[PDB]
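What follows is calculated from the coordinates using simple rules that are stated; it is not laboratory data. All Cβ positions, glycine included, derive from the backbone under ideal geometry; neighbour counts span all protein chains shown.
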Amino acid sequence: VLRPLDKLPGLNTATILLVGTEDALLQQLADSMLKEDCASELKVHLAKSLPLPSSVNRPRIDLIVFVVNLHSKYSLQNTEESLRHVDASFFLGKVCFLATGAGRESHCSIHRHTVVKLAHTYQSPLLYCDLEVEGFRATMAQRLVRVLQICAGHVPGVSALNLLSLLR
Amino acid sequence: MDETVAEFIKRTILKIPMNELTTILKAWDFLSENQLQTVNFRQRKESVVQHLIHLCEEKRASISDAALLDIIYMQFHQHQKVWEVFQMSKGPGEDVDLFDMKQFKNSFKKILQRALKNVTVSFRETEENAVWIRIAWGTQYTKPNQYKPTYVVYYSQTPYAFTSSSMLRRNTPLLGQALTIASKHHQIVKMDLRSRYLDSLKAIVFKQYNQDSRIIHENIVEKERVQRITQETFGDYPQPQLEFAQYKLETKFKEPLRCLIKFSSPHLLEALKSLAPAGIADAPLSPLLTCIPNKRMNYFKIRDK
Amino acid sequence: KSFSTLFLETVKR
Amino acid sequence: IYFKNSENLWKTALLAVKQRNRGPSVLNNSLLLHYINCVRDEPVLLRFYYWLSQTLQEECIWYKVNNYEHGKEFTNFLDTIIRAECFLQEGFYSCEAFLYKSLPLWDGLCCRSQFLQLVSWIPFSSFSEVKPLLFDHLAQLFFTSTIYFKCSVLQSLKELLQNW
Amino acid sequence: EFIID
Amino acid sequence: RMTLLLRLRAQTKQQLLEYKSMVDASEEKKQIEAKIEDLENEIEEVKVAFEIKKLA
Amino acid sequence: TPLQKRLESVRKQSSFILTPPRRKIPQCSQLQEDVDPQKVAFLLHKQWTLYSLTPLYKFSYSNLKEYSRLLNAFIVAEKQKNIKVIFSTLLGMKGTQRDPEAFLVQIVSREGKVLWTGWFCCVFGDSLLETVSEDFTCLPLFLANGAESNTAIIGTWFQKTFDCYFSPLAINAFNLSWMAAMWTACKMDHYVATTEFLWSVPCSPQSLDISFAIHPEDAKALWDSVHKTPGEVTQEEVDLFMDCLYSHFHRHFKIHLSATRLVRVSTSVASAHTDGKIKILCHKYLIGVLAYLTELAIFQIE
Amino acid sequence: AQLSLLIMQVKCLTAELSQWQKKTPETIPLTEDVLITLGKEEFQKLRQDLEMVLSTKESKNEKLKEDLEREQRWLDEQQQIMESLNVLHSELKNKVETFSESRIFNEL
Amino acid sequence: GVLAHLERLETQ
DNA sequence: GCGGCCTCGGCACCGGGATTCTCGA
DNA sequence: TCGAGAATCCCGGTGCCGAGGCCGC
């Protein structure tokens, strides 16, 4: 079970952990999220399911974006299954719900209300995008990285706790 | 230069594309080197399909070689007309010491015209040592139908004899019967391997195919494992089955629950290989789906056990 | 203090 | 073909004649846009709503196949929509209806200059029925994008304030 | 067995 | 470096801010229509508690 | 009321307030009034390529001959760029009495070789009737089946004369799974065809497709396992039917079907694709299948 | 989890507001530097946005002059269609309104 | 406008 | 080597062959 | 009980519109 403050922070390290069943798209999103030379260390983490095999030395994880591939109902059954292994103090600010495949709206095995209901019943931001195309990735990557500096505390005015008060 | 022959040649010459006109017209030998220059192959389709057939009107083309033209057309277009695989089986004893291509041609045509008295069987002993039988069918009441022939690729001394699954009529049990009695075998069995790529069926039935620092992937110990298990089940260079690899499931849901699964891909065994690493499939990918070439079978009929 | 970079950069290795 | 004339040889003399006389569905119609500006009628603002919704849907689904070359006619068509609204001065009822539909799916810079001028012309609704539908997303992207999108929203909402 | 698991 | 140590001070005066907020929330031990109302009256009252703090 | 009602409808739709449409199992729709048995029976086993059709401005079900001539003279002119066009009101393809009567558009070529057979129907589509004015006769559904070239010509004619616009209706795999579930929930007998679900995995290099074809009676008994509340099927019941398919496929082939997308759900009621070439109408439930299809067309229009 | 998260949200906003009110402005440890490092950084960033904001406020009056011309033209075409529609209203008043049915048959 | 301009300082 | 030209070919909808299963020798 | 006739499940063998090639400006 992941907790927000189980590890100590670094200096400029903002460790986000992507969550999605498909992993090539997660790798593409991670590549785009490090393409821009931002002012923060960006030890991006990938995964498939929140059990997250127990390996110590994992840094203080500052964001978990649940990439829910709307094209595949698996990406929700593997998110909702993985949503039960997140600490309740982790769901406040440091949780986003990416919904890739939205907008195509013809491959969607999942009605975007269902991801809306999931991201509202867990009280966390829900950021639509279409991760397959770099044009909508290289702008969602700069949205996840500015949410990153909010949850990791790099912007010295806004906490992760202040964040969800903005994205309600 | 005949009925159901000249226009048959016309219908098999507009079939062949413009690029490989020389390739197929050189091999069927009616157009010698001198005849190739007379017709300008690069001009038009209706021009060539009219001048070439005239070049057989002077050559008095017969169905015996018109069918050979169709054979040579399919030898480069075998990736159509999905192929069944027949498997012969001799009992206990020595092998076929006499597969004389002349004798096999005799022992096949004689048996086939014994019952199907009006058929135009045309063989073509290919250079890969595999006789490429083509059969135009027709009962005694009708003329041999060259519209829908049943090409049979019998590998010369092999127990396996591919077959173009055209219509699966009452001749199919006679197609196998004539095949297993011409070649000195006793039992003909449809392997139930049915693929559109004969160059892959040949591989399967002969087992001839295998012979950043910032991105911390947390499930690396699982990605490595799934990549491993997809390399000991799909070793290297899988062959394209590209076939409706059916699984006529008859199992109870955990009385039975009938299913008729049909995996359909332009390249199946490579599509399955990129499944588990793509997250669609579990790492041990259900030998029912890995052992398609290992069992030399894709049209499964599984039950519960 | 601060393993961070004030150590890691100085002990660059 | 199309008024391609052959009097060009005569147009030596006919160009002298010109010199001698010198000496001796509705968006791309500015002269007709004034009509729809003046009729707030039912079957014309609906004959026009259904065209805008099915042009901002089909030609925006056109993004999902090119996103680069289709991103210049859509920009130049959204510019015509924007100009038609700046003239006619009320937000087209498909302009908001497309915005609520395509704001959650929207990125920061995909037709930002056009989308955030559409927000300006949004029929004043309640700011209790338009806030959750749109302004809860012009904060979902406002707080995650750079300054250059941030300044493009308080400017967008600046013009929205005047248009309300 | 006929690996129906 | 000083700018980098300044980015650290700042980041840590907010990471300890988060740490103290969480441990105070852990130190402590309903009307959803108003549960967001007594959620809103801080996001306005912490807001006046820290906009004046940032303004000082 | 004339527009602002539609704006409030758009607000309600975009709000996405607790959607799960517990739908009534498609009830046996005894053929209402006329419903020309020859015509409707000809219209059943034809693969309609769905489109979403905005309401037609200034349409009337009296001037069918004038539109027939105006479109016939336009189609054969697109050949200049042998054909007869027969607009035919269907008189019974409507859910409620206030719905506009569905009417056909057939490209009849000598004999009655109906090349194209268009079909506009508005059944149980009273979420559009009560929001559009009287001048528009709204038929959200458009049904092609003729070549795509002729559809992309009659659609242009309809845009030119009626200000109606054809977005190609694409049933998403969510709606596809819904209809695949309510059609094995029906009370039919003598199942015409097996309940096939053509999946299509999202592999980047390859495009493997799966035909999870179930025995139609076996899927009805599997549906009864997940069917608890009668009269109406829920989203959870549909998802449990689909997950019983998933747990009978990943059980067998170890590939998660839920990670794939539906592309076609053949059922004894009505086949249904995704990319548009969707509605085959095997049985005479077409006023219910068309009810779902029109309700889906409203989603695209509104 | 919606309610179980709202309760922890109010519990966390309470802690954060009780900790912000605890945060007195800590200007005592401010900076040992003479602040020229931070000063000539902040004016230089000012130089970075001042060119970047003059470039935007020059386009602002560019588009405002272009739109002043455009909306002056729109106002002209509007007062024209206003006076024209008013004179049409006055003229169509009691000119075509004085239309009798029998007079319409006599004109036929 | 300053929106069409603000889209070309994002790039430049 | 491009401009309006043209020709194969994947996908898919409509037409007979053999299996069901009902009735006559 | 069994033998020919009809219908219809299973998959063709066909129809027909995008893609690739190709010849003036």
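How about the range D:60-164: which GluC sites (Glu not before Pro) there lie in a loop by DSSP and see at most 16 other Cβ atoms within 10 Å? Those satisfying the criteria are D:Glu69, D:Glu90, D:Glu129.
Using the Cβ-Cβ distance between B:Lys45 and B:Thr22 with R0 = 22 Å, the FRET efficiency computed as 1/(1 + (r/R0)^6) comes to roughly 0.90.
Placing pseudo-labels 7 Å out from each Cα toward the beta carbon at D:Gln19 and B:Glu94 gives an inter-label distance of 10.9 nm.
The separation of the range H:30-52 from the range G:9-70, counted between C-alpha centres, amounts to 67 Å. Each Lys or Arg adds one and each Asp or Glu takes one away; over the other residues whose Cβ falls under 12 Å from the Cβ of G:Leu290, this sums to +1. Calculated [222 nm] ellipticity per residue, helices only, for the protein assembly as shown: -13500 deg cm²/dmol; basis is -39500 (n - 2.57) per DSSP H run with n ≥ 4, divided by all residues, nearest 500.
For G:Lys12, the shell of other residues with beta-carbons less than 11 Å away shows a net charge of 0, using +1 for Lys and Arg and -1 for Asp and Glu. On the beta carbon distance between H:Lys45 and B:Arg228, with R0 = 60 Å, the FRET formula returns roughly 0.70.
By its C-alpha gyration tensor, with a ≥ b ≥ c as the square roots of the eigenvalues, how is the range A:16-165 shaped: rounded for a/c under 1.5, else prolate for a/b larger than b/c, else oblate?
rounded
Classified by the C-alpha gyration tensor, the protein assembly as shown has an oblate form. Its axis ratio a/c, with a ≥ b ≥ c, is 1.5 or above, and a/b does not exceed b/c. The charge dipole of the protein assembly as shown, taken about its Cα centre with unit charges on the Cβ atoms of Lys, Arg (+1), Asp and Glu (-1) only, comes to about 2800 debye.
When D:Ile1, G:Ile280, H:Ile28 are arranged by Cβ crowding within 10 Å, least crowded first, meaning fewest neighbours, the order is D:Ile1, H:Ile28, G:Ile280. Kindly identify chain G as rounded, prolate or oblate by the Cα gyration tensor criterion: order the square roots of the eigenvalues as a ≥ b ≥ c, call it rounded if a/c is under 1.5, otherwise compare a/b with b/c, prolate if a/b is larger, else oblate. Prolate.
Helix H:36-92 and the longest principal axis of the C-alpha atoms of chain H enclose an angle of approximately 10°. Helix A:24-35 sits at what angle to the longest principal axis of chain A, using alpha carbons and giving 0 to 90 degrees rounded to 10? The two axes meet at around 40 degrees.
A cut-off under 13 angstrom between Cβ atoms defines the neighbours of B:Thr126, and their net charge, with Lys, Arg +1 and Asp, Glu -1, is -1.
Take the cross-link list D:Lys150/H:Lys63; A:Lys35/F:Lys54; G:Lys58/G:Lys279 and give me the ones stretching past 23 Å between alpha-carbons. Pairs exceeding the cut-off: A:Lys35/F:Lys54; G:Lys58/G:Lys279.
Considering only the protein assembly as shown, what is the antiparallel percent among its DSSP beta bridges, to the nearest 5? If I count the DSSP bridges inside the protein assembly as shown, around 80 percent turn out antiparallel.
With the highest mean first, a sort of the peptides B:120-133, G:21-34, H:67-80 on other beta-carbon atoms found within 10 angstrom per residue produces B:120-133, G:21-34, H:67-80. Counting only other chain Cβ atoms within 10 Å of each residue's Cβ, the peptide G:163-170 averages 4. Peptide B:236-248 has a mean of 1 when you count, residue by residue, the C-beta atoms of other protein chains within 10 Å of its C-beta.
When you filter the GluC sites (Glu not before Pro) in the range B:1-75 for DSSP loop state and at most 15 other Cβ atoms inside 10 Å of their Cβ, you are left with B:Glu3, B:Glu20, B:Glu58.
Mean partner shielding of peptide H:72-79, defined as the number of other chain Cβ atoms within 10 Å of each residue Cβ, is 3. Under a model in which nothing but the beta-carbon of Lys, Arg (+1) and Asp, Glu (-1) is charged, the range A:16-165 shows a dipole of about 320 debye around its Cα centre.
Under the combined filter of DSSP loop state and at most 15 neighbouring Cβ atoms within 10 Å, the range A:1-95 retains these GluC sites (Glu not before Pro): A:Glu36, A:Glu81.
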